[PDB]
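# Structural characterization, general
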Amino acid sequence: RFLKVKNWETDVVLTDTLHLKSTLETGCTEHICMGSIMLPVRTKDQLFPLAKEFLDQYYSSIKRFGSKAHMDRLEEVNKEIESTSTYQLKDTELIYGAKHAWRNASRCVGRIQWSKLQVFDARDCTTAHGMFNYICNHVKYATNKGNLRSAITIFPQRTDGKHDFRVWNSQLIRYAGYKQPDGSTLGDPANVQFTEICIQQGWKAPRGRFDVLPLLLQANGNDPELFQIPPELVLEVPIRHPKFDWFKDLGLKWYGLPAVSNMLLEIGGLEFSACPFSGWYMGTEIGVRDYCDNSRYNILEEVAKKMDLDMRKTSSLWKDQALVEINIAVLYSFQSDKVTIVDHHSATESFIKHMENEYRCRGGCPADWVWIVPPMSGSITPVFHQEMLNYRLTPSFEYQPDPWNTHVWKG
Amino acid sequence: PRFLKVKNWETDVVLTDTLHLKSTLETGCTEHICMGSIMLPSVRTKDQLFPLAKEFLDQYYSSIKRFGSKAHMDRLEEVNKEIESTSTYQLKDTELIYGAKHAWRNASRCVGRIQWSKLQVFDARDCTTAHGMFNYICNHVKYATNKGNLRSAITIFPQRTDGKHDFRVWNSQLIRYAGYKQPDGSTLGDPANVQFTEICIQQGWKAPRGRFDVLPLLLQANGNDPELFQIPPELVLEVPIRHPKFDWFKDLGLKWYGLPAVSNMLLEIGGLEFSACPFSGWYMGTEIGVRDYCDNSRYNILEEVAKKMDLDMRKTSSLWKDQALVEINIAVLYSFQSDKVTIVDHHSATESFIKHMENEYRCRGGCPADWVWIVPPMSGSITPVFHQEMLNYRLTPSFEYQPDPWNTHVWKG
Ligand code: HEM
Ligand code: HEM
Ligand SMILES: C[C@H](O)[C@H](O)[C@H]1CNc2nc(N)[nH]c(=O)c2N1
Ligand SMILES: C[C@H](O)[C@H](O)[C@H]1CNc2nc(N)[nH]c(=O)c2N1
Ligand SMILES: N=C(NO)NCCC[C@H](N)C(=O)O
Ligand SMILES: N=C(NO)NCCC[C@H](N)C(=O)O
Ligand SMILES: [Zn+2]
């Protein structure tokens, strides 16, 4: 039951007891490990145990476990589910829940910051125009002129499943992708489907390479509506290299604010289907993945050519050399414009310190090694040498289907 | 479940695994916890042994298209009677070869498996003494080295009987460098081998006490106390490491050996346990250039290289570690290629592996693979394996960990 994890660099061993609190499942079995697979309404009876589980942890956290206040609240919530088939979180509960969903996020390397999350309560929102206003305020607060601050905005919880709030966008800020007559993709290929959805809904696409997508927002189960984020709220950084003057001529830029907007927040059985959240970038996210994935901007060959590397044979490591340079450029560009960014060395070192804190004060830290180890220079970061246990605690952030696959278009 | 899909996220190819239904052994994972990043998670009686033997011979006979034949049926009968009367059994030479090839085929952590069908198997089951093991191992080294044109090979010593007469190679690899803890707390040579080096010295080895001393072989035959032997220097091929552009690189004084030969694993075939089964292929460059040279708890050369490169080391965000890492790895590949010693870069190796894996799904129904081990320790996502979902499970015949023998050996004195 009590599991040990070893760091093979430092020989430090930690003991995990926290995994014994996971109710949810991993996709693995005793015979098969699915650790590398990307993706392996509640009835009344379903809901009270989940609410109770949550309220017990909440009341424990504030040192009032078993108190009258604790028991009073369970009964109140119990009576509310019984009567209304659902319930409403107190503001203190919502804030605790969202922070803990971040705390429990096994794939997030930035969790040392978890207790500092700014939670914006948008549960009073009723319309798409209201959603747009809440989202601009989030973008402006979080961006903070380049001195980024973590934040989440929480729209109304699911009820009957036919009045869901959703941000159709996968992040608040992303670039369009356009399939071309000549077979190629212009822009970001990751966003081709969603861009088409915007167009057929009305968007007049500019048809460039770095077109900030419009917001497509769904309130109360209604058909979604298009809105443009004030251009002046979208902070971008042009990418240059401190040594190569030709780099700026590649014409590359990226946006400062990473804001995942397609996930579902579960707190105490309640489901928050629209819950955009933001932090700040780790450099490799943009320089390794967004820029060098073959299926993304796929820029390695172009960069390698401008560096005049020998690209006749893989064993010259021309791909590897170009990769480091692209990532050097990304960090230098964000730092020079005073936009918060963390490099993979600093971020992984912080995470190892966070793990140790969590093991000491909480009995463990769920971590997905496949996601925590950066996509370049893996073994020269400390996380590579750290064994991790992956398990699922709630409150949690969950994947959910894209809404265009399930939306019944009212028309 | 009968069908499991894996997806490649860069190509959108989906593959269907059915081979996992033949998995027997357990992973360490459960419905509630994944242990996929744990390095090591968690004799046989007659009753245990016959099904394991039968399972294996059905696999063997099926492979040669003689399943259910009289040949097949007689062999089952023969093994059953052999187990009944002697409590163990002996493999035919053909079955041993098949078994050893399949253990490699089945090794989830090995990126080199496109080569599995070409293993040279050396049958050393007539061996009885440590001196005999030494001679077998010298022959393996000379054959596998092949003057730099490396050939994959495995030498198989007698199987376990009662667990009191085990053959063991105490070395973790046939060729490895000594490590010495100094009184000031520093390490001379390879810190990975300090404990084994101390054991060798205790048993009588006169250590040169340098930075790259080839360790002696420490060999246990038939449960007896192990004995020391020096591999003839002329059979140990080494490569001095230089850089194609940086002429100061050579003056770091680095070299490595050409033949990687894991010697501490256990090979299971049809329930039988082969506790001494050294095997060798050829290096992928990152094993040396990233791990052996640049791990903090190994030779740890990153700073020295970066200093000589005049990189800005004041802040991690210059990516000075990363820039130095690439150059060290360019140097390892350049040096081996220049001396005409087989080596493979991590791009070539991972590309070959994806082709192998796809072929295996199609002809075999699956390819168990450990993503944590398969993805190289630098430049992960610019290799195709990073983007490939994998399924990890345990098929037999198999290579398994076993505890270091100094922890278990009963000293006879
Ligand atoms: C504050 C700075 C933050 C940093 C440096 C950071 C770092 C990261 C990185 C590098 C990833 C991998 C992303 C990818 O590969 O696509 C990730 C994933 C994730 N993070 Fe964070 N993060 C931060 C803030 C947050 C916040 C504020 C939340 C929630 C409140 C959060 C929750 C998550 C979740 C759920 C994932 C997995 C997302 C997925 O499955 O696609 N993170 N984080
Ligand atoms: C012929 C060329 C080969 C290449 C390029 C290759 C490549 C590799 C690499 C890079 C690793 C990771 C090693 C580490 O990180 O320490 C590995 C692991 C492994 N390989 Fe191979 N290999 C080859 C031959 C072989 C052979 C001949 C066998 C057995 C007959 C084999 C079986 C294994 C096993 C069992 C592991 C896991 C070892 C462990 O857990 O420490 N490989 N291979
Ligand atoms: C197939 C494999 O799961 C996939 O490529 C994963 C690998 N590790 C990851 N790690 C992070 N942080 N983000 C990702 O998108 C990926 N994708
Ligand atoms: C903790 C983690 O499992 C450990 O550092 C693993 C990571 N992946 C690996 N991959 C390979 N090929 N070899 C290794 O030794 C490691 N070690
Ligand atoms: N650092 C964060 N969030 O705080 N990342 C969110 C996912 C962003 C995604 N990896 C990208 O490169 O666009
Ligand atoms: N490629 C192989 N075998 O053929 N590797 C075996 C392990 C070698 C180990 N990684 C080292 O760097 O010494
Ligand atoms: Zn698993």
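### Comments concerning the overall build of chain A
Check the secondary structure of chain A and you find ten helices and 18 strands. Compactness check: chain A gives a C-alpha radius of gyration of 23 Å against a globular reference of 22 Å for 411 residues, within 12% of the reference. Classification of the 411 residues of chain A by burial places 56% in the buried group. Carbon and sulfur atoms make up 50% of the accessible area of chain A, which amounts to about 17,800 Å² in all. Chain A carries 47 positive and 49 negative side-chain charges, and their two centres are separated by 3 Å.

### A short note on the overall build of chain B
Within chain B, the secondary structure is distributed over ten helices and 18 strands. Against the 2.2 N^0.38 benchmark of 22 Å for 413 residues, chain B shows a C-alpha radius of gyration of 23 Å, consistent with a compact globule. Here chain B holds 413 residues, and 55% of them are scored as buried. Accessible surface computed for chain B: about 17,900 Å², of which carbon and sulfur atoms make up 51%. Here chain B holds 47 positive side-chain charges and 49 negative ones, and the gap between their average locations is 3 Å.

### Some words on helix α4 (residues 128-143) of chain A
All names here are of chain A. Taking 1.5 Å of rise per residue, the 16 residues of α4 would be expected to cover 22 Å, and the 22 Å separating its terminal C-alpha atoms lies within 8% of that figure. Looking at the packing, one finds that the buried side of α4 touches β3 (118-121), β4 (151-154), β5 (166-167), β8 (215-218), β9 (225-227) and β15 (277-278). The positive-phi residue at the C-terminal boundary of α4 is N144, with phi of around 50 degrees.

### What about the coordination of the iron atom of ligand 2?
Protein coordination of the iron atom of ligand 2 is limited to a single donor, B:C110 (SG), positioned at 2.4 Å. Following the sequence through the fold, B:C110 ends up in the loop between α3 (93-105) and β3 (120-123).

### Looking at the nonpolar core
Core analysis: the largest hydrophobic core is formed by 125 residues, its most contacted members being A:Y291 and B:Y293. Excluding residues within four positions of it along the chain, B:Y293 makes contact with B:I241, B:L254, B:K255, B:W256, B:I288, B:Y299, B:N300, B:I301, B:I328 and B:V332. One finds A:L3, A:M34, B:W371 and B:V385 within the second-largest nonpolar core, a separate group that totals 57 residues.

### Side note on the interface of chain A and chain B
Chain A puts 64 residues into the contact, and the matching count from chain B is 65 residues. Between chain A and chain B, a total of about 5,400 Å² is buried, with carbon and sulfur atoms accounting for 59% of that surface. Interface area lost by chain A to chain B is led by A:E30, A:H31 and A:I380, which between them contribute 12%. One can count zero salt bridges joining chain A with chain B. Taken together, the links from chain A to chain B amount to 33 residue pairs in polar contact. Those elements giving two or more residues to the side of chain A that touches chain B turn out to be β1 (3-6), α6 (283-292), α8 (318-336), α9 (344-362) and α10 (369-372) of chain A.

### Considerations on the coordination of the iron atom of ligand 1
Within the protein, just one atom coordinates the iron atom of ligand 1: A:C108 (SG), at a distance of 2.4 Å. Looking at where A:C108 falls in the secondary structure, it is placed in the loop between α3 (91-103) and β3.

### Side note on the site of ligand 2
Residues and elements named next belong to chain B. Around ligand 2 there are 17 residues in total, and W104, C110, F279, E287 and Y401 lie nearest to it. One of the side-chain nitrogen or oxygen atoms of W104 is found 3.3 Å away from a nitrogen atom of ligand 2. Here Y401 contributes a side-chain N or O atom positioned 2.3 Å from an oxygen atom of ligand 2. Residues belonging to the shell around ligand 2 are distributed by class as follows: twelve nonpolar, three polar and two charged.

### Digging into the side chain of B:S23
Mapping B:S23 onto the fold places it in the loop between β2 (14-17) and α1 (46-63). Apart from residues lying up to four places away in sequence, B:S23 is in contact with A:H31, B:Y393, B:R394 and B:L395.

### What about the sheet that holds strand β13 (residues 266-269) of chain B?
All names here are of chain B. Strand order in the open sheet formed by three strands is β14-β13-β18, and the pairing between neighbours is antiparallel. The sheet terminates laterally at β14 (272-274) and β18 (398-400), the two strands that pair on one side only. This sheet shows a mean twist of 30 degrees between the axes of neighbouring strands, independent of strand direction. Note: β13 against β18, three bridges, orientation antiparallel. Its bridge partner being in β18, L267 is matched across the sheet by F399. Across the sheet, α3 touches β13, β14 and β18, and the angle it forms with β13 is around 120 degrees.

### Here's the deal with the packing of α1(B) against helix α2 (residues 70-86) of chain B
All names here are of chain B. Across the interface, α1 lies against α2 with an axial gap of 10 Å and an inter-helix angle of 160 degrees. Relative to α2, the element α1 lies roughly antiparallel. Judged by the twist between their axes, the crossing of α1 over α2 is right-handed. Of the residues in α2, those touching α1 at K46, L49, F50, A53, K54, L57, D58 and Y61 are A71, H72, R75, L76, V79, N80, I83 and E84. For the contact of α1 with α2, a count of residues per class yields nine nonpolar, two polar and five charged.

### Observations regarding the site of ligand 6
Residue and element names in this part refer to chain B. Around ligand 6 sit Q173, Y257, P260, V262, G281, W282, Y283, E287 and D292, and that is every residue in its neighbourhood. One of the backbone N or O atoms of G281 is found 3.1 Å from an oxygen atom in ligand 6. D292 has a polar side-chain atom sitting 2.6 Å from an oxygen atom of ligand 6. When isolated, ligand 6 has an accessible area of 370 Å², and the protein chains bury 75% of it.

### Quick look at the sheet that holds strand β12 (residues 261-262) of chain B
Residue and element names in this part refer to chain B. Pairing in this open sheet of four strands is mixed, and the strands run β3-β4-β15-β12 from one edge to the other. At either end of the open sheet lies a strand with only one pairing partner, and these are β3 and β12. Both β3 and strand β4 (residues 153-156) contribute to a ladder of four bridges, which runs parallel. Counted as the bridge partner of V121 is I154 from β4. Across the sheet, α3 is in contact with β3 and β4; its angle to β3 comes to roughly 130 degrees.

### A short note on the domain arrangement of chain A
Residues and elements named next belong to chain A. According to the domain assignment, chain A contains domain 1 (16-123 + 150-160 + 264-278 + 348-372), domain 2 (124-149 + 164-235 + 399-403) and domain 3 (236-258 + 281-346). Here the C-alpha centre of domain 2 lies 27 Å away from the C-alpha centre of domain 1. Taken together, the contacts link 22 residues of domain 1 with 17 residues of domain 2. Counting the surface lost from both domain 1 and domain 2, the interface buries some 1,600 Å², and carbon and sulfur atoms represent 60% of this. Applying the counting criterion to the domain 1 and domain 2 interface returns one salt bridge. Its salt-bridge partner being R158, residue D164 comes within 2.7 Å of it at the nearest N-O pair. One can count eight residue pairs in polar contact joining domain 1 with domain 2.

### Comments concerning the environment of A:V5
Structurally, A:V5 is set in strand β1. A residue is classified by how much of its surface remains accessible, and A:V5, at 0% relative accessible area, is buried. As for A:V5 and A:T17, which are separated by twelve residues in sequence, their C-alpha atoms are 11 Å apart. Among all residues touching A:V5, those that are not within four sequence positions of it are A:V12, A:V13, A:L14, A:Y359, A:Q386, A:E387, A:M388, A:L389 and B:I38.

### A short note on the domain arrangement of chain B
A common way to express how large an interface is: the accessible area buried when the components associate. All names here are of chain B. By domain assignment, chain B separates into domain 1 (17-125 + 152-162 + 266-280 + 350-374), domain 2 (126-151 + 166-237 + 401-405) and domain 3 (238-260 + 283-348). Placing the centre of domain 1 and that of domain 3 at their C-alpha centroids yields a distance of 36 Å. Taken residue by residue, the interface counts six residues in domain 1 and six residues in domain 3. Counting the surface lost from both domain 1 and domain 3, the interface buries some 440 Å², and carbon and sulfur atoms represent 46% of this. Interface area lost by domain 1 to domain 3 is led by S280, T350 and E351, which between them contribute 73%.

Calculation notes
- Residues numbered from 1 in each chain as written, not as in the entry; some residues may be left out.
- Chains lettered and ligands numbered in written order.
- Heavy atoms only, no water.
- Helix = DSSP H or I, 4+ residues; strand = E, 2+ residues; numbered from the N terminus.
- Rg over C-alpha atoms; globule rule 2.2 N^0.38 Å.
- Buried < 20%, exposed > 50% of the residue type's maximum accessible area, 1.4 Å probe, protein only.
- Areas by Shrake-Rupley, 256 points an atom, 1.4 Å probe, with all protein chains shown as cover.
- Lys, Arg positive; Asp, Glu negative; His and termini not counted.
- Charge placed at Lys NZ, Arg CZ, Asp CG, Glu CD.
- Expected span 1.5 Å × (residues − 1).
- Contact = heavy atoms within 4.5 Å.
- Donors = N, O, S within 2.8 Å, 3.2 Å for Na, K, Ca; no water.
- Core = buried A, V, L, I, M, F, W, Y, C linked by side-chain atoms within 4.5 Å.
- Buried area = accessible area lost by both parts, 1.4 Å probe.
- Salt bridge = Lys/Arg side-chain N within 4 Å of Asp/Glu carboxyl O.
- Polar contact = N/O pair within 3.5 Å; in protein donor to acceptor, adjacent residues only side chain to side chain.
- Near = heavy atom within 4 Å.
- Nonpolar A, V, L, I, M, F, W, Y, C, P; charged D, E, K, R; others polar.
- Pairing = 2+ DSSP bridges.
- Axes fitted to C-alpha atoms, helices over the stretch in contact; angles between N-to-C directions.
- Parallel < 35°, antiparallel > 145°, perpendicular 65-115°, else oblique.
- Left-handed = near helix turned anticlockwise from the far one by under 90°.
- Domains from an automatic or database assignment.

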